[PDB]
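So the chains spell out like this:
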Amino acid sequence: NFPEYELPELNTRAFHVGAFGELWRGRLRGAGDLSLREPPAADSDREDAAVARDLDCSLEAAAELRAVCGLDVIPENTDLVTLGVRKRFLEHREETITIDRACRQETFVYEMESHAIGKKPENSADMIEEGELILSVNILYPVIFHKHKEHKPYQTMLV
DNA sequence: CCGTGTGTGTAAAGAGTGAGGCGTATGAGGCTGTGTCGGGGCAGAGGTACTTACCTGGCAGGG
């Protein structure tokens, strides 16, 4: 069913997860990203033909769309708003801490986040199929420290 | 040249107060009634200069 909200940013109405996955899979059949294959002059012609077919334009139109819409390092200058605050934070930290080395608690949550993403199965027979509906549940750690009533710790699992 | 002895980041506890919203409880209002008791008037004992008049002390005689 629909994931329709129940509250503005805290809840939604109870919905069947299977029907939700089915709706997503149906509305993405044959025109969806459900391939799960990593990215790789002859192919340019095929791409132009596909663009022409999908957008109802000529081959020359597809070629010029491809050409014009083409894709278009630390120090900065010529500031903007957010680049301004970034540069200021960086210079402040420069007059600040002498050991730039990344904190051991940021690296922890980072590595836990990217522990095993982008690691394909070595069997390739149990690999999940398309539309497998990952639910990112987070289990609340039990209250085993006083500080765990205040800010409720939790561990996230990709069920 | 590899031991070790001290520093440092930065969010993680550890308290340490403090704050805010919400939900339940309370109240106030006539109403009407009935026992009662402090109460609150209620009056009540009960305790500036000059002049004239009057009083006092004294010494005097009298008997």
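Each residue takes a number counted from 1 along its chain in the order the sequence is written, a numbering that need not match the entry; residues with no coordinates do not appear. Chains carry letters from A onward and ligands carry numbers from 1 onward, assigned in written order. The structure shown is incomplete relative to its larger assembly, and all values pertain to the part shown. Based on all heavy atoms of the structure, the side-chain values leave hydrogens and waters out of the count.

The deposited coordinates for this entry were obtained by cryo-EM, with a reported resolution of 3.0 Å.

Patch building starts from residues that exceed 30% relative accessible area and form no salt bridge, then joins like charges within 9 Å and nonpolar side chains (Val, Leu, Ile, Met, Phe, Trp, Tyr) within 5 Å. Here the Shrake-Rupley method, with its probe set to 1.4 Å, supplies the accessible areas, and only the displayed protein chains count as covering residues. Within this document, salt bridges are pairs made up of a side-chain nitrogen of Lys or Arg and a carboxyl oxygen of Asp or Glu, the two lying within 4 Å of each other. Residues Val-17, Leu-135, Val-137, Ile-139, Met-157 and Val-159 make up a contiguous nonpolar surface patch of about 460 Å² in total accessible area. Mapped onto the elements, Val-17 comes out in helix 1 (residues 17-26). With relative accessibility at 32%, the residue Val-17 sits in the partly exposed group. The way it works is that DSSP assigns letters per residue, a run of H or I at least four long becomes a helix, a run of E at least two long becomes a strand, and they are numbered from the N terminus. Three labels apply to residues, based on accessible area from a 1.4 Å probe with only protein chains included: buried if under 20% of the type maximum, exposed if over 50%, partly exposed otherwise in between.

Tracing the chain through its elements places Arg-101 in the loop between helix 4 (81-95) and helix 5 (104-113). With 10 residues separating them along the chain, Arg-101 and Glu-111 place their C-alpha atoms 16 Å apart.

Two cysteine sulfurs form a disulfide in these notes if their separation is within 2.5 Å. Overall, the coordinates contain zero disulfides when judged by the stated rule. Looking at the unpaired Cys-57, the closest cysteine sulfur is the one in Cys-69, lying at 11 Å.

What follows deals with the environment of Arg-37. Mapped onto the elements, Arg-37 comes out in the loop between helix 1 and helix 2 (42-55). The exposure class assigned to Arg-37 is exposed, which follows from its relative accessible area of 61%. Counted as a polar contact is a pair of N or O atoms within 3.5 Å, where, for protein atoms, one must be capable of donating a hydrogen and the other of accepting one, and residues adjacent in sequence contribute only when both atoms are in side chains. Engagement of the side chain of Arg-37 in a polar contact is seen with the backbone oxygen of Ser-35, the distance being 2.8 Å.

As a further point, take the environment of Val-143. Considering the arrangement of structural elements, one finds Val-143 in the loop between strand 1 (136-140) and helix 6 (147-150). As for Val-143 and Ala-125, which are separated by 18 residues in sequence, their C-alpha atoms are 41 Å apart. Beyond its immediate chain neighbours, meaning those up to four positions away, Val-143 contacts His-148 and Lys-149. The contact criterion used is simple: two residues touch if any of their non-hydrogen atoms lie within 4.5 Å.

So, on to the protein's contact with DNA strand B. Taken together, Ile-97, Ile-99, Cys-103, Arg-104, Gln-105, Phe-145, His-146 and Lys-147 make up all the residues around DNA strand B. If even one non-hydrogen atom of a residue comes within 4 Å of a molecule or strand, that residue is called near it. Close to the protein, within 4 Å, the atoms of DNA strand B belong to sugar or phosphate groups at a rate of 77%. Throughout this entry, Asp, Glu, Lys and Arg are counted as charged residues, while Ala, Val, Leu, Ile, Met, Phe, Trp, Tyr, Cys and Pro are counted as nonpolar. The remaining residues, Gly among them, count as polar. Residues of the surface near DNA strand B, tallied by class, amount to four nonpolar, two polar and two charged.

Before going further, it helps to spend a moment on the packing of helix 2 against helix 3 (residues 59-68). The axes used here are C-alpha line fits, helices contributing only the stretch in contact, and every angle between their N-to-C directions lies in the interval 0 to 180 degrees. Look at helix 2 against helix 3: their axes get within 8 Å of each other, and the N-to-C directions meet at 110°. By the angle class used here, helix 2 and helix 3 are roughly perpendicular. Handedness of the crossing formed by helix 2 with helix 3: right-handed. Taken together, the residues of helix 3 that come into contact with helix 2 (itself represented by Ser-44, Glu-47, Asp-48, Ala-49, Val-51, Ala-52 and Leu-55) are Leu-59, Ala-62, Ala-63, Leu-65 and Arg-66. When its residues are assigned to classes, the contact of helix 2 with helix 3 shows eight nonpolar, one polar and three charged. By definition in this entry, angles of less than 35 degrees are roughly parallel, angles greater than 145 are roughly antiparallel, angles of 65 to 115 are roughly perpendicular, and the rest are oblique. Should the near helix be turned anticlockwise from the far one by less than a right angle, the crossing is left-handed, and should it be turned clockwise, the crossing is right-handed.

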